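Here you get one chain, nothing else, as structure tokens; it is the form deposited in one PDB entry.
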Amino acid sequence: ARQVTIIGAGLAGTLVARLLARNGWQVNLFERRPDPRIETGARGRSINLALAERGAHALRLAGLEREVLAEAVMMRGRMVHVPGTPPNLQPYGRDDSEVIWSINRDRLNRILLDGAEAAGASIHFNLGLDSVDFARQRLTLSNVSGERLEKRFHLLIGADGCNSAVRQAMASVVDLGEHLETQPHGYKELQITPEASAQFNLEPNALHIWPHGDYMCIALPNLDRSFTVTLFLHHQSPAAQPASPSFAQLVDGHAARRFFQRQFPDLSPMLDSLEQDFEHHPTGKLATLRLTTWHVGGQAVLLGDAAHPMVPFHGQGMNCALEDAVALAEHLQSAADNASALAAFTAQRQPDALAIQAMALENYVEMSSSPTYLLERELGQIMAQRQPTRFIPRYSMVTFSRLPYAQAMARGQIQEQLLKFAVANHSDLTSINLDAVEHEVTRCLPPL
């Protein structure tokens, strides 16, 4: 039986562990944190993620989709909140088959851990990877107390997240050709209780957005009608705009309250614990990290956040990581040898990871910001109605299909250009020759 050591029992790590273990691989998974399935008296906080077709399909292949979806809230559309207009629901798709699912990350991770163990993988918690000796094929792990443990390895999978220790160890034997693009927005998680969301009639079956240009809030629902609100705001005010809001200007929870009362007045009354959440929850950091190299011969490979940290503005990081896990298990299972598997996996996934990284950055302006754009959306709807197998909005291709991200991006760009061109020099849709735009659609977009 082929052997594999996986670092990180997160989303990608535990999925790849199940896929490989059920194919008869001897799987050992090392995780720095304690086992979250071991109930303690610690007061844990709920963070939700948007699960879309890519992630759901990866879970479906693993035989875990039903179990995960039983614990997920359906999000039928986007609810945009702008003061002075009632909340506007933008349905995500044609019907309830085109939805996104809000899932608690901890619940998802527990289901995944059970799945990897049921398949035969062994999971070792409270052991963080410290270093790797590639030449000797040994690695060093330690608990929180710094007590060390050395292990021999045959194949090493770095599923250890955005601050990957495997990636850091690889960067000592190979030049990974890493390019870090820092992101100016920090984030803070705030809570809306079930009583508050019910009192203010906040729709449970939708993804909620409070756009505000350079900053914004998003809320995802929980099974119990509570919501996790995420504020995206610059860490610091720029040199050009010193008065512009930033985390540096919000000295404490009381400053955060005044800021919400002024900038998010319809949201502030729903945030009962705003002050407390602001001071006790740390401000998170965002970034995009692109690597030229994801593997060291047949010895080690990266996937998920370890390979391609991305900004969260498209809610695709977990979706992409689960898609990566399927691809990596498929390549490893069927390749001539591990070195061939790792090279084929990297060649396949690298263009798609770059595409979602670019699309995630672009989605921010789409969410947080129109005149000509409403005419573009109107024309886009008609083109999707006339040619549903050719004109598929980029958001739908990314969220509701398994089309390679690079293909969704390339087709999205053709669509964006046709719409921009068609509406230019036109006041309304009546002056636009719909058949001529349709002719460009049939000419430039092959049916799917």
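Here, rigid core means the biggest group of C-alpha atoms that superpose within 1.5 Å across both forms. Sequential numbering from 1, following the sequence displayed.
Same protein, other form: the form deposited in another entry, not shown, and the subject of what follows.
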Of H154, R105, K151, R377, the one whose Cα moves 2 Å or more between the shown form and the other one after core superposition: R377
State yes or no: after fitting on the rigid core, is the Cα displacement of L61 between the shown form and the other one at least 2 Å? no
2 Å or more on the CA of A42 between the shown form and the other one, with the rigid core superposed, yes or no? yes
Superposing on the rigid core, does the Cα of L418 end up 2 Å or more away between the shown form and the other one? yes
Relative to the form shown here, do the C-alpha atoms of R43 and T14 sit closer together or farther apart in that other deposited form, given a change of 3 Å or more? closer
